[PDB]
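A.B. asks: Here it is, the structure in full.
We place every Cβ from the backbone using ideal geometry, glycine too, and count neighbours over all the protein chains shown. Nothing in this text is a laboratory measurement; each read-out follows from the coordinates by a stated rule.
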Amino acid sequence: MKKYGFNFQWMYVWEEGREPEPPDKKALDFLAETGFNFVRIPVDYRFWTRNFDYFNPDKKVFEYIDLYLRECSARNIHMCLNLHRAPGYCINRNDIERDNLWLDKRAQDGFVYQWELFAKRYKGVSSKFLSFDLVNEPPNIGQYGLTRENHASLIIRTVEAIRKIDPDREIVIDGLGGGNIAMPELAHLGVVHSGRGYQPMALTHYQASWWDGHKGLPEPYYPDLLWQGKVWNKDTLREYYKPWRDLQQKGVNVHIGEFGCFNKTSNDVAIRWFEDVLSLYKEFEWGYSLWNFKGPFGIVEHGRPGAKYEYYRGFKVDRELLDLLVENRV
């Protein structure tokens, strides 16, 4: 059974005094009632770590993760725990970190220790219900000193550390270059390779303040969107996914950990793009997880101009988008 669901930001970004959110049981009920069976939980290690003191985690905070797992499992939903901001790295505001995970031994030791903590805490929980997504969207080769070699070495070290404690724990790794680049060098590790559905960024992240490349972009149109001297359409998406498909043909399990469109793009344009990526996922037999359930990248009153919402099982949803998400499952 393929994994279809949503990412939830309950413990996504830490701020002084901010407590992680309780699981959104009503949202989880919606997922269960509409056939979704997957939830990705990207977390900020600062929720349990003070001033980079990696080896002194506040384990009391893990009770929230226990709760998320319990509520997901009760509704037959698989939970994928991800370190979004990990010791020494976050794709967003990496400058806030003291260390650099890709080169610093102290950060790597802290990172491995975090994963060993979770491996020990959840040893015995079936992979049917729980998987570990090591680190969200690693940077581009040449950024922060990352190379395919040192990234692979760190992933292998972490995977071996987790497996020494719990050999049955399913592990997921994100593609390089912000989840865009396939990793044939890690194909034999027996882990899920997780890609993304945000291309073309000119469409999905149009007017997204956190994305530097949004500067000077024209109002998105689709298909055949001209961006960076390249025309984007379904054929271009196939080219983009080819390296991932080549790996899947070799026996590697692939999944789309995050995908979606921001809420500044015209809805007709967004829907047209969704039809292409989702039809490709169906053809490839890939599972997928939308970035938001509620929010700009979600199905509940996202806000795109032209969109219409209707009450359905507890929420005001974009029925057209919800239908597309359901129709492309295999």
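A.B. asks: Quick one: what Rg and Dmax do you get for region 1-94 from the alpha carbons, in Å?
C.D. replies: Rg, Dmax (Cα atoms, Å): 14.0, 42.
A.B. asks: Over region 134-271, what is the relative contact order in whole percent, taking alpha-carbon pairs under 8 Å and six or more residues apart?
C.D. replies: Value for region 134-271: 25 percent.
A.B. asks: Same structure again: How large is the Rg to Rh ratio of region 204-330 when both quantities use alpha carbon positions and Rh follows Kirkwood?
C.D. replies: Reported Rg/Rh, Kirkwood definition of Rh: 0.97.
A.B. asks: Taking Rh as the Kirkwood radius computed over C-alpha pairs, what is the Stokes-Einstein D of the chain at 4 °C in a medium of viscosity 1.567 mPa s, expressed in µm² per second? Intermediate values should be presented prior to the final figure.
C.D. replies: Values: Rh = 20.3 Å.
It comes out at roughly 64 µm²/s.
A.B. asks: Give a residue-ordered list of calculated ³J(HN,Hα) values for region 9-19 (Karplus: 6.51 cos²θ - 1.76 cosθ + 1.60, θ = phi - 60°; whole Hz; x for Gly, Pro).
C.D. replies: Taking θ as phi minus 60°, the curve returns 9, 4, 9, 6, 9, 8, 8, 4, x, 7, 8 Hz for region 9-19.
A.B. asks: Under a Cβ-Cβ cut-off of 10 Å, what is the net charge of the residues other than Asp174 that fall near it, where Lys and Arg count +1 and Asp and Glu count -1? Numbers along the way, then the final one.
C.D. replies: Values: positive: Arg196; negative: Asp133, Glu137, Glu258.
Here the charged neighbours net out to -2.
A.B. asks: Still on this model: Within 10 Å of each candidate Cβ there may be at most 13 other Cβ atoms; applying that plus a DSSP loop requirement, which trypsin sites (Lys or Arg not before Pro) in region 70-164 survive? Kindly include the intermediate steps, with their values, before the conclusion.
C.D. replies: Values: sites: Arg70, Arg75, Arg85, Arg93, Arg98, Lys105, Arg106, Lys120, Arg121, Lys123, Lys128, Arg148, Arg157, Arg163, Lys164; in loops: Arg75, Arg93, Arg98, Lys123, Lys128.
Hits after loop and neighbour filter: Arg93, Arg98, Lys123, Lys128.
A.B. asks: As a check on your grasp of the helix formula, calculate [θ] at 222 nm for the chain: sum -39500 (n - 2.57) over DSSP H runs of n ≥ 4, divide by the residue count, round to the nearest 500.
C.D. replies: Numbers: 9 runs with 108 residues, N = 330.
It lands at -10000 deg cm²/dmol.
A.B. asks: What chymotrypsin sites (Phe, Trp or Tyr not before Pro) does region 211-308 have in DSSP loop regions with at most 16 other beta carbons within 10 Å?
C.D. replies: Values: sites: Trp211, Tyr221, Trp227, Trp232, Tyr240, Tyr241, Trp244, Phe259, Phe262, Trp273, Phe274, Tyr281, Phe284, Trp286, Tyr288, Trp291, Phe293, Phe297; in loops: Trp211, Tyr221, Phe262, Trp286, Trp291, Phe293, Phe297.
In loop regions of region 211-308 (DSSP not H, G, I, E or B), the sparsely surrounded chymotrypsin sites (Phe, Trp or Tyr not before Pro) are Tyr221.
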